[PDB]
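Report on the following structure.
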Amino acid sequence: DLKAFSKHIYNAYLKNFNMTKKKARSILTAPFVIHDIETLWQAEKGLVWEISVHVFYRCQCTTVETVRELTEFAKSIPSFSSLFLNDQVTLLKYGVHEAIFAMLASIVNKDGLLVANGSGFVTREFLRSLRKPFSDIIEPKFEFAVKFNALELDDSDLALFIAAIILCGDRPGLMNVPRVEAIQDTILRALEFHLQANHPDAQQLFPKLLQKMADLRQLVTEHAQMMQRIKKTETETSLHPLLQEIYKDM
Amino acid sequence: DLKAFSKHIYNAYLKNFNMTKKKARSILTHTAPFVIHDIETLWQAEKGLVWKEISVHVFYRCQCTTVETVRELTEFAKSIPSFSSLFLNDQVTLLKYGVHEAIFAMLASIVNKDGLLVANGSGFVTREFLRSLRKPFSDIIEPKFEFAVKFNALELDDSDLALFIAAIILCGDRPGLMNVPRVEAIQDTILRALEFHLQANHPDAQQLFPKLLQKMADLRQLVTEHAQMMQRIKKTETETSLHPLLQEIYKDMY
Ligand SMILES: CCCCCC/C=C\CCCCCCCCCC(=O)O
Ligand SMILES: CCCCCC/C=C\CCCCCCCCCC(=O)O
Ligand SMILES: CCCCCCCO[C@@H]1O[C@H](CO)[C@@H](O)[C@H](O)[C@H]1O
Ligand SMILES: CCCCCCCO[C@@H]1O[C@H](CO)[C@@H](O)[C@H](O)[C@H]1O
């Protein structure tokens, strides 16, 4: 039952992610605006929670929390938990940033992004104003997001999309390729069915989404090269140890 | 409470491992195990007596047994306090580098100078037969015997072995470990318990605890050497398959 499968994935998503596209979108039409050093200082003063590195550290804190939620979410995808633990780890290593950057779009518009559970809005112009390595780490994610948003997915669509992202059978070093592939196919048949039901007039949505998954893999490939490089060129700036593990040999 | 902690680890071990040293030792001296000592008796054993080229076939039975023990060790680990709260990548590193040390320590439980119990005590495979297989294979098996017979002279029981194996898995110095200080903290808790347990359980055995600490370094070297031999069978013996989980375990090991 593809409808039942769809609904359980969706409820797994609602359970594990507090900020949904529904909540984000309703807010995006009250949050404290962060657009310079001063407003950031204020935001950190209780209102919401060098400049470029500090923003980078805030970014790391948010993505590592999203990795945690994705790890708990994956446990609810049928058959994920029955994979050997080393296969679960490989799947998370390689999929968690593709999922993060897909879900980023839910909290973005052309002008900036919601932070701290909707309490703040950080403007894209401020992020463009940061020093060179950091500024162009962030901008490509905005570019992907505004385009992604034009597909007009909802949270029920996104739940299946992220599930399908995590269960990629072609991740480097996967042990049981055929089992992962089989579970992914189940999610995708569900996703195709759900898009028919949810988006009846949206011709071509499902191949569009499959192409978005390849786009995300290249977004993340390019992201990793940039993070890998900051690790060398930017001697003073720290990387969270879990992120260090994720980018290690990626 | 070092005594409560010990009991909980003991029970996690009873739960996850069917063959205990207790059960093994009473078998090694209900009906006797079928003796496997040549091609013919192995064939009979697999004809439902015990299970339901000779050197490679034995090697494949070895793989099947150790991968089953890996599975039991992974479940066992979940019950060691604080193991499950480690990030999943750290749990995987701990099992990767610890499962075979734990395996070869528990091997001693089912071994005597003459051979080893197989299939839940249904079978006894002689050491002479295993010495008789082709060079690479005979050479992987024999050092485990040498380790086990020495290990058995310490006269540990299942309650001792449970904390020992826990301590093995929570080794803070495994290559590529993320949260080193936290793994070290959990191990120290296990070792304190173990030290307490040996003094209660083996009051006369002074120096047992340092002896055990040295056995863990002995096992690390046993396994380093095992991995080197397994990695080489992969290259030279191209016709003989390696279970995909063991291939993952030995991948980039040393
Ligand atoms: C103050 C900034 C608000 C944080 C917004 C969300 C944070 C990160 C979203 C992804 C941005 C891409 C580059 C930054 C991510 C670096 C850390 C990582 O690689 O996980
Ligand atoms: C037919 C013979 C059955 C023997 C089964 C006993 C199980 C283990 C004792 C031998 C362990 C050492 C052999 C090398 C292990 C190969 C697979 C592995 O490395 O996990
Ligand atoms: C689940 C039982 C424990 C299995 C232990 C096997 C661990 O293998 C390791 O898995 C990692 C991905 O998870 C890879 O990054 C390493 O290259 C690989 O060697
Ligand atoms: C906690 C879920 C997310 C974890 C992502 C971290 C995965 O890192 C990988 O973990 C393996 C050990 O498990 C190592 O072999 C690899 O070298 C490392 O790159």
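Per chain, numbering begins at 1; letters A, B, ... match sequence-line order. Numbering of ligands and ligand atoms starts at 1, following listing order.
Distances between N or O atoms of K93(A) and those of ligand 4 include at least one value under 3.5 Å. Between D90(B) and ligand 4, not a single N/O pair is under 3.5 Å apart.
Counting atoms of ligand 4 from 1 in the listed order, those under 4.0 Å from a heavy atom of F87(B) are 1 (C). Against a heavy-atom cut-off of under 4.0 Å, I246(A) is close to the following atoms of ligand 4: 5 (C), 6 (C). For ligand 4 and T93(B), the ligand atoms under 4.0 Å from any heavy atom of the residue are 12 (C), 13 (O). Listed by atom number, the atoms of ligand 4 under 4.0 Å from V92(B) heavy atoms are 13 (O).
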What are the distances between nitrogen or oxygen atoms of ligand 2 and protein nitrogen or oxygen atoms, counting only those under 3.5 Å?
unit_1   : atom_1 : unit_2  : atom_2 : d
ligand 2 : 19 (O) : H100(B) : NE2    : 3.4
ligand 2 : 19 (O) : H226(B) : NE2    : 2.8
ligand 2 : 19 (O) : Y250(B) : OH     : 2.6
ligand 2 : 20 (O) : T66(B)  : OG1    : 2.4
ligand 2 : 20 (O) : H100(B) : NE2    : 2.8

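By the neighbour-count criterion of 12 heavy atoms within 6.0 Å, atom CH2 of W41(A) is sparsely surrounded, having that number or fewer from other residues, nucleotides or ligands. For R71(B), the CZ atom sits in a loose shell: 12 or fewer heavy atoms of surrounding residues, nucleotides or ligands are nearer than 6.0 Å. In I51(A), the CD1 atom is crowded: over 12 heavy atoms of neighbouring residues, nucleotides or ligands sit closer than 6.0 Å.
Judged as a ring pair (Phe, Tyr, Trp, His ring centres under 6.0 Å), and not counting sequence neighbours, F84(A) has no contacts.
Side-chain N/O atoms of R179(A) and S82(A) include no donor and acceptor closer than 3.5 Å. For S241(B) and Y60(B), the side-chain atoms include at least one donor-acceptor pair closer than 3.5 Å.
Residues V111(B) and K144(B) fail the side-chain proximity criterion, which asks for heavy atoms closer than 4.5 Å.
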*List the steps, then state whether salt bridge (charged side-chain N to carboxylate O under 4.0 Å, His left out) holds for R232(B) with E237(B).*
CA-CA 8 Å; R232(B) 203 178 286 112; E237(B) 289 273 346; over 6 Å; no
*Should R58(A) and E44(A) be marked as a salt bridge (charged side-chain N to carboxylate O under 4.0 Å, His left out) after you check the CA-CA gap, both sets of side-chain angles, and the distance that decides it?*
CA-CA 10 Å; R58(A) 271 273 152 240; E44(A) 303 265 23; 3.0 Å; yes
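Looking at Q91(B), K251(B), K248(A), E248(B), it is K248(A) that brings a heavy atom closest to atom 14 (C) of ligand 4.
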